[PDB]
Structure formats: structure tokens, C-alpha cells
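First structure 1, then structure 2: two forms of the same chain, each alone, as C-alpha cells.
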Structure 1
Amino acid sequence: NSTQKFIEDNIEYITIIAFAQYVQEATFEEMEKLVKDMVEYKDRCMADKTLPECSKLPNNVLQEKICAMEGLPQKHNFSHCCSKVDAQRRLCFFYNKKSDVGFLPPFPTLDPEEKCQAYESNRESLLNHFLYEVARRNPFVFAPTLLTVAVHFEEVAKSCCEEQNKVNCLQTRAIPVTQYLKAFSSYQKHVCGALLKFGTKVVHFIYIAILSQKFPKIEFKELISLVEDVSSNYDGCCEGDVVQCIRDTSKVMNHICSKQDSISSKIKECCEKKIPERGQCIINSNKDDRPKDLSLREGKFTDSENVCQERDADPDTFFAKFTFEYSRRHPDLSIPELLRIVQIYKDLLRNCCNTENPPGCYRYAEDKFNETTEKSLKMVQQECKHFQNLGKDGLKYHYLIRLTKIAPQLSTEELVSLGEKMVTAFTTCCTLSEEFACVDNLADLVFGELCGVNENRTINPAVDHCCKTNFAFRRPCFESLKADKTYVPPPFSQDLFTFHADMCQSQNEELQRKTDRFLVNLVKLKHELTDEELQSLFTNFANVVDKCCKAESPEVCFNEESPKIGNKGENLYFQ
């Protein structure tokens, strides 16, 4: 079929993505040798379909070929994976991925003129190396996403190579491609992390909630059928099985498209498009309009006297149906808010169905939902007002202080990333009509990044408790945490807190990132201080920086005018 053709056609690209994600230390020369092995396997299976290995799991084939490369498992420290076979080997390979890609060099940027020359002379080589470099730095991003990203990156290179000011074009036009990649990455890590911590049974409520919001005219049975396809799709994609991921993604899009009528109205130009665009499209299409005849409630869950019986006959399906009906009627709610509501409903019924008069007790379920949602909504409203008052940077500094207090054991680079990701929820969403849904959806992804994808991280006991107990209530849990008062920092050199003359300028993100790192390191150093004292000290340093840039020889200015943060005898290090 078309999917098998797409895979056969793109086998070189597919192989690079898989190899680079699994073995992020592997060199580009090493990639080329695996490419030749998989092309050959592809040709062999075409010559002889009934041969044994031609019906094996795709990952089992790829991992066999990687493990067969002389000295490679030992060179990149994955010999322990190759000493296992089949499922145990697949699991080991999955555990081998590293979220922290700081062991890699800075992304190798080509000279714009040579990049353009390379694009015209050797296009396959350029895209091959791009895809290698992207995949090893984004080990959990799903293949259809990465291939779409490569396509868009190619359109950027093609268009910008025709312009006079090539550098400005490349830098500008790359921004939304990067944002796409980072948005999908965050979302995929969130779902995969949840799958590993809690299993498919808790997690497929996520897909019921999202699909029911997006396709509110769908029938329950068809939704459940689609949810089964989606859950399988996440199983393979979360594993890292690139071939199975592509196949299962194509199945989901075909399932959706082959019932366009009786699912959706707003996906026609998507059901035209190519693999894998037709599906990155469907994912980006907006929510279909609710059936005009859909009221705000379903009295079948609060007004019927059959609730406890329906629940008892099949609790999983009963709660799936609740999630379907409630989600499709509340397009304004976030996914985490819907899952909190499902849990509250489940807890409510545990109590009510064992009381003297259950119908009199569960009749008031919507009052419980109303209170919990009002609390969430008020919190978002407060955070959005704070954003309006302080701007992006000002709010970010408050988050950096709070996050560093609560999770000081994280690297500064990580804390800085988490702070930027947190503030982006507010810059993207505040003031929109679905502000609540947008903010809570995007904010929740931060704690998904924090809690880990293929590891149960051990940060500190309070953070670990929030990561591992209760997906839907994870953000509220994090909001309740106090500073970790057991923390004692390592020494920090005085140079971490020294402003250098080269930093005086107008810049986008590297100068932003330097300021952000300063604040985080300061908070680690002075963790004992109150948030207000830290904010005050930081604004002192900020004021001094601003003046000294407007001074000529800015660095002598900084050292005479900056506040001191050392204990009396400290010159080289601060403790």
C-alpha cells in the first residue's frame, strides 16, 4: 500500500532517525553503514516476502542490525542491550535514550552560503546530516513529526537560498519550524512519560478526552474504536519503533478519513494531503463545531437512577462514556481539568453508591465539578493578571525563583528550560477566548518534561511524590510544594556572577539565557533567603547591568557598582 511505499521510499531517512535516537553518541559515518544494511533487508524482503525475518517486528530487525556492527555496542556503551533479545532488548534500547543531550556539541550551523551551495550540489547529504543532528538531540520525538520538520526545514532552505540577505531569512523563517518541533516534542514526552508511569489504562482517558473535544459529533462506539488505534499508535511511537509508528499513525489517519462523514466537518484539505502531512494537518485542524442540539449537561450521570448499576456492570466503559459525554460538551476545559473531573466523579460514586440513598447523593455531582473548576479557573486568572502586570521576563523570574527553591537539585540549564517553557503557556494563551484551556494544557506539559520520559527520576522526595502520584492532579500538587530546606549547594565560582563586557547589547535568547542562568545560580547560592529578598537582589544586579552598559568599559563599572554576595573572606568561590 501507500504507507509501505512511503516507508520503502524513505528508508534512508527512517533508519537515520531510529539509529540516532537510540544511539545518540553514534557518528554520521556509523549511520551510513546501518542505512546500507536496511536497504539490503528491504530489497531481500521484496525478493522473498515469505522469508522469516520479513514478518518480524521492525524494531527487532533494526536492533539486530545495530547490535551486529563490530565493536559498536562496546564503543557506545549499549552492549548490555545486545546481550538481551527481543522484548528485553527492545526495553533496554528504550531505556538507553537520554533526555539530557548536553553531552552533544552545540548544533553544527553551516555557513549560509555553503549551506545553500550544499543544498544545490548535494541535497540528500544535507538533509541526511540535518535529520541525524536533529534526531540525536530529540530522541523521543515521533518519526512523522521529525519527517514533517525536515520537509519544512527544506522549504526554508530552498526559499532563503534565493534571497539577498540569506542569514536574516534563514534565522527568521526557521523560528516557526522550531516552535512546531518543540511543541510536538513536549506533548509526545508528556504522553509517553504518563504511559510509562501509569500504564495504558489510565492514559487512554487522555485520548478519549482529546478526541471527544475535537470530534464532538462522533458516536461512542466509533470513538472507542479510534481510541484503540490511537493507543496502539502511542505504544509503538513511545517505544521508538519508527516503522511501526509511521504505520500506526497512517492507520489512525485512514480510520479518521475513511469516516470523514460521521466524525468531522473540518478536515477535508487534510484528507487530500500526502503522508505524513495529511496527519500533522489533522492534528493541527481546529475543533469541529458541536452538534447544535448538544446541551451543557448529561443528566444520565446525575439524574438517572441507573448510575450505580451502569457503573457496576462495566466501570471502565461507564467512565469512558462519562469522559466522552462530558468532554464533548465542554470544549472550553483543559485536558487535565477534564481528567480531574473524571476522578472526582469516580470518587463521588464510590461514596454515594454505598449510602442509604445513592440517587440523592450523586444528584449533586455537578456542584463538585463546579467547585473544582472554579478553583482552577481562578488560579489561571491570577497567573494571567500577573503576566499582564509584569510582562514575560518579569513573570519568568518569579517562576525561576520558585522552581529553583522547590527543585534545586536540577541542573541550572534544566531549570532555565522549565522556566521558559512555563512562561510560554502565558505568552501564548493569556487573553484568548479559551485562555483557561490553553494555559492549563500548556502548563501541564512542563511537569511532564520534569518528571521524565523513560526514567522515574529521583529529584527530592516532595517533587518525586508529585511526579508519581496522580496524573490529573500533578500541577496542583507542584503548586503546593515548599522549598527543599535540606538542600546545600556546591561551591560556585565568582565568575558565574560576573557580568562581562561582551554581554552589553540587544539580543534575543542567548543573552536572555545568561540572565536566566544567573538568577537560578543565585537562588541556589542563597536558597536560605526569601523569594522577596532574592527578587530584590536580582533587581539590584539588573539595575547595575543596565547602567554599566551605558558607560564605556562596562565590566570595571559592574565590579565597582554590583552588590556583593560573598561572605567576608570569599574571593574565588561563593559557598
Structure 2
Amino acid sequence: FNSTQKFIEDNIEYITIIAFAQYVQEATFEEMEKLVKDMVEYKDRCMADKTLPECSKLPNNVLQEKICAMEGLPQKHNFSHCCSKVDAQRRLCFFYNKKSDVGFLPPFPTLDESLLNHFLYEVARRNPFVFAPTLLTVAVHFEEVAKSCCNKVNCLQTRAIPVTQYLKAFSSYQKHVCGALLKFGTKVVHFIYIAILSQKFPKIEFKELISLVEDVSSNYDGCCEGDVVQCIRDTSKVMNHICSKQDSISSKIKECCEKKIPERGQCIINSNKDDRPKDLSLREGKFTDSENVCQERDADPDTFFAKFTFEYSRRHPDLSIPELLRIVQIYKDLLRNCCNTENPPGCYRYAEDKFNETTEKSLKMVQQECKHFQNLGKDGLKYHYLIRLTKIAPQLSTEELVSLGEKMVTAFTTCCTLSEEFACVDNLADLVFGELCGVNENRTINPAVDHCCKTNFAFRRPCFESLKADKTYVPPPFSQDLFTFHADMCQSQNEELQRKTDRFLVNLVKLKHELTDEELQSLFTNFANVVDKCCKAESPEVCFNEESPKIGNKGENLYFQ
């Protein structure tokens, strides 16, 4: 508690900036400095004589009251609805005020302890759900990278790509878990963390595991709401707990546990899975071999299924978290049928065959996907996913479809060569569909997608992969200029030329949504061939208009279907 209390008081400036910038993404840096002043005053007035009326209140309620008391702010950035509520309803309104879609903001500025203040402000408002320990550790990595630049501005933009990659990996997992908490409730977060921690810390004992999962679950309730102070406290408490029982949890965290807040926690999260105990059997037979499974379930169902997840997950370090959860659900459903029959021990005896069956099906699928990646390359496989994604979710904006497609192919670029490609691919690919379904909102894309988002956490990815083209789709008009090529397209440009190509393909699939995937891929390759040839020509402009495939159908020139 007391080291954590010191850390919070010493970093109150950074923490205040994170909270306000995440909650009110439109607020300016000058307004951040206003709230920093008022929060530093609050800190001092509490240290000097704690016994005050305002010192008793929770730090998120205090922060939100002072945001709500700023002259004109609620109405200026459209959050007066939240200030007109109080307490839990206000806190909930502020959580709902966050926008994952940060297109409305400009590009990220070029920096040349105000540097950290500015970095934190600019990162936090663009990543409104990322937890504070992650963000404060990202900034410490930015200070080191900044300082290793003696064109020192362009030195900083390069070299920050690994820092940015560290941020997005963490926030992608945090958003997936928070999204799951909103849509499915705390029970599912518990089962996610039973699987994760059991897999990562296989020598841990069940009772200590369940204790640790309760701590992590409470950490997520605070962090997902956006309560930065509580998130720092609850995260420290998780890491204190792990480091105090270190030799009974993991032999891989020695160096981590010697570090300070908040690097300690990030090291632990990043650490490798601990090795399986020598004496750990290949299978725990009591879930299938015993004749008393149904009564053990009936004595305490949630604890019984938690124990199953623990015992299965620590023995299967090569399954993804979604695959473990699918296995839990299959075991649960098998016992729901079996335990009301005349001979329950009979049908549940071979549950491991159902488990092996689904695992084999999933592994085959990933093998096939990685073979397509090897055959086609990154871009080739990206175009296949852009077509499929646009077919099933054509109501999404083209920018979002392109982002989702880029994230989907990066799962394969990261995972396919590695040992244990199956776990890596399936874990990363699950995050992509998580992004699709929303963090702090229930999104309305189309009925079939909405059904996959909301019905079942563990079976979400395979639900989506079984969807056919959205036959409900009525496209808006598209202007001809979306499909025209300009002379600027003919140079060795950055990956904003790749984003232009991706946008073209997505818009094309929207326009021509009734064509087959093969016909769309053929039409797209026709356009690419024409750009390859016309970019070698003198005057590419005229070449494109006299060699491009027709997309319209005569008497229809500015606006297509």
C-alpha cells in the first residue's frame, strides 16, 4: 500500500493527465494543466491534515467533479449529460463518453518534464482504454528512446515504432477483456484469467490461483471503468501478491519482482510461461474416470468448472485461451446432458475425445491459413481478408475495415513461423473480432454480426468465420473519384500508399458486393496490373482513364450505384 501511495503522490501530474485526456479526448493541453493544478492542491491539502470532508471521497469522483466544475467544458465537448448525473451513474456516463474511433483527432505531433506531459496527453487521448501502468511504462521507454537521439525529430519518430507496438499489444488485450466484461459479465473474466494464469504458472496451487484470479478480476473492474488511481493500486496489489509467493508460483519472475512500480507489473505480464512441474501427469482423470463427477459438479458448479479449467489449462501450454474456454464449455454442456441420463458415467467417460476433436479441427484450420500466408505473402493475404471482412460487415467504415484487415494479417506475420503458431494465431485473431464488437458500446453493424458479437465469448471467432456475405446490405452511392488513380500513386511512397490501395479494394467490394470473392479478386488484379503498367508510362493520367476496367455501366458517371 505505502510504496503505491508514494508512487501515486509523486506521479499525480502524469496520472491526472491520463484520466482527463482519456475521459475527455477533445480537451486541450492548457485545460490538462488547469486540472493538474487543482489535483496537486487537493494532494497537498490532504497530506496536511487528512481529516477534511473532501479528503474522504474516492479519487475518481473527485477528478470527475473538478472536470465537471470547469467553466463551459461539459457543453463545449458534449458531456453535460454525465455531469447532470451523480456517483455511480456519473462514473458510468463518463466510461460511455470514451470513443475508440479517434478519427476526429489530427495526426500525432513531432516532439522536438513537459516532453513526458505532452507525450502522455497525446497518447492517452488517442488510446482512451489503455491502463495507466502500461501507459506510464510506455512513457519511460519513450524518455529513453527520445534521449538516444543526439535530425533528432525524425530520429524520434523512427525508433518509437517498437514503443508504439508495445502500447497497441497491451491495449488490444486490455480492450478485449474490458469488452468481454461489459458484454458477458465478471464470470467470463474470471474464467479467462483461470485459463491464462494456470497456463502461465502451472506449478501454482488451486487455492492460491483462485485468490490471484479474484485480485486480477477486481483490478479489471477498476481499470475498465477508467479509474486510474484505483487501477494503479489494484495492479500493485496483484503484483505484491505474486512476488510474495514467488517460489510457489513461477521461477521465471525473479528479476521482475526486484523492480519497482510500475515496471515490475509489466515485466511479470511479459514473462515467459513457467515450465511444467516434472511430476505433473499428462491428464487429470477425475473429470472423466470417476463415477461421482455429477455430484462433484452439483456440490459447487462454478468451483468445479474452475478446477477443470485449472487442471486442463496448466497441462496444455500450446492451446490458445479461446480454445481452452471452448473446451470448458464443451465439458459443461456434455455434463448438462449426461448428468440427467440413467448412466451418467457412461457418456462423460470419453469427453477427452470431444476435446481432442475440436482442438484438431482448430489446428488444421490454422495450418491451412498459415500455408495461404506462405503461398501469397502479406499483401496477398491481406486482400483476401479485406474481401471477406467487407462482405460480412459492409456497414463498417472503409477506414475501420482496412484497420481490421491489417490487424488480421499481422496475426499471421507475427505467428506463422514461430513454435506454437496455433496458440499465437488464435489468441491474436480473437482480438481482431473483439475490436469489431466494441469496448464500451454494443455496436449495431448488421443482425448476423451482432449475433456473433453478443451470444458467446469463446465461440465468437468461429461464429464470424462461418458467416456468409451480408445479404441485407444496401450500399450508399460511391463517387467515381474513390476509384480514380492520380499521378501521386506512381512513386515509392510510404505505407499510406498501401492504405490507399486497401481503401480502393474495400470500396470496390462495397460497390460490387453481389460479385463473388473470386470475381472481386479478379477485378482487383485487373486494376493492379493497369497501375503497374501505367506507372511506367509517360503521363500516367491518360493511361489510367483509357486502360482501367469499367466499374460503372454507362449513363452513370459521377456516382456509381
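Each form is matched to the other, and the largest set of C-alpha atoms that superpose within 1.5 Å is called the rigid core. Numbering for residues begins at 1 and runs along the sequence of structure 1.
Engineer: Choose, among 505, 388, 357, 458, the residue with a C-alpha displacement of 2 Å or more between structures 1 and 2 when the rigid core is used for superposition.
Structural biologist: Comparing the C-alpha positions, the one residue that moves 2 Å or more is 505.
Engineer: Residue 9: with the rigid core matched between structures 1 and 2, does its Cα shift 2 Å or more?
Structural biologist: It does not reach a 2 Å shift.
Engineer: So, does residue 171 move by 2 Å or more at the CA between structures 1 and 2, with the core held fixed?
Structural biologist: The answer is yes; the displacement is at least 2 Å.
Engineer: So, does residue 25 move by 2 Å or more at the CA between structures 1 and 2, with the core held fixed?
Structural biologist: No, because once the rigid core is superposed, the C-alpha of residue 25 moves less than 2 Å between structures 1 and 2.
Engineer: Supposing the core is put in the same place in both forms, how far has the CA of residue 275 shifted between structures 1 and 2, in Å?
Structural biologist: With the rigid core fitted, the alpha carbon of residue 275 is displaced 1.1 Å between structures 1 and 2.
Engineer: Let me know the CA shift of residue 562 between structures 1 and 2 in Å, rounded to one decimal, core fitted.
Structural biologist: Once the two forms are fitted on their core, the shift reads 2.2 Å.
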